[PDB]
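Chemist: There's a structure below that I have some questions on.
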Amino acid sequence: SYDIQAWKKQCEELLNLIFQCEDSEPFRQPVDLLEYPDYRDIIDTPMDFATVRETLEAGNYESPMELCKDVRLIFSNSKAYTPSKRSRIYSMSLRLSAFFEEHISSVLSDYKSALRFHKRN
Ligand SMILES: C#CCNC(=O)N1CCN(C(=O)c2ccco2)CC1
């Protein structure tokens, strides 16, 4: 239970689950500026689940906290871009965020516990 490296496969499996959710489809790829011409006026740092998966598989996350910051940026971008808090795509983002936070909590707890055990003495 003190495996320092276990978070990585746990996050690969959670991303697989997110890619099976219909609620993820708007968040799997970048925004087309012909469809949303003002998107980059509002959003300084775009983020999507394909970018998160590629960053993970490249070995360019050091911890699950860093992955969690990028996933949370997908959801804050949707809340900043939405013209209404009842919109279809924003409503999908809130359900997907609740599912992600329910599943990532044990991944973060186990990782932090494992590093504390590594430094115990
Ligand atoms: C697949 C794919 C391409 N995604 C895409 O076009 N969008 C996702 C991001 N976005 C929003 O979060 C949002 C909130 C309210 C309306 O859109 C704009 C639309």
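Virtual Cβ from ideal backbone geometry, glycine too; neighbours counted across all protein chains shown. Laboratory data are not the source of any read-out in this text; all were calculated from the coordinates shown.
Chemist: Kindly provide the set of residues from the range 15-32 that are surrounded by 11 or more Cβ atoms within 10 Å (Cβ to Cβ) and of a type outside the set (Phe, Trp, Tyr), ordered by number.
Modeler: Just the residues of the range 15-32 that are surrounded by 11 or more Cβ atoms within 10 Å (Cβ to Cβ), to begin with: 15, 17-19, 21, 23-31.
Passing the criteria: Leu15, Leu17, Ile18, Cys21, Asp23, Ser24, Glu25, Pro26, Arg28, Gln29, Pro30, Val31.
Chemist: Could I ask something else about it? Just one of (1) touching a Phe, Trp or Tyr at 6+ places or on another chain (Cβ under 6 Å); (2) within 12 Å of the ligand (Cβ to nearest atom); (3) not aliphatic (A, V, I, L, M) trips up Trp7, so point out which.
Modeler: (2)
Chemist: Ok, one more. Take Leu67 and tell me if it is away from the ligand (no atom under 13 Å from the Cβ) and not in a loop (DSSP other than H, G, I, E, B). Can you show your working first?
Modeler: Working: away from the ligand (no atom under 13 Å from the Cβ): yes; not in a loop (DSSP other than H, G, I, E, B): yes.
Yes, satisfied.
Chemist: Let me ask you something else. Tell me the residue from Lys85, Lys79, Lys112 that is on the phi < 0 side of the Ramachandran plot and more than 16 Å from the ligand (Cβ to nearest atom), please. I'd like the intermediate steps shown before the answer.
Modeler: Working: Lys85 fails: more than 16 Å from the ligand (Cβ to nearest atom); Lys79 fails: more than 16 Å from the ligand (Cβ to nearest atom).
Only one candidate passes the filter, namely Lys112.
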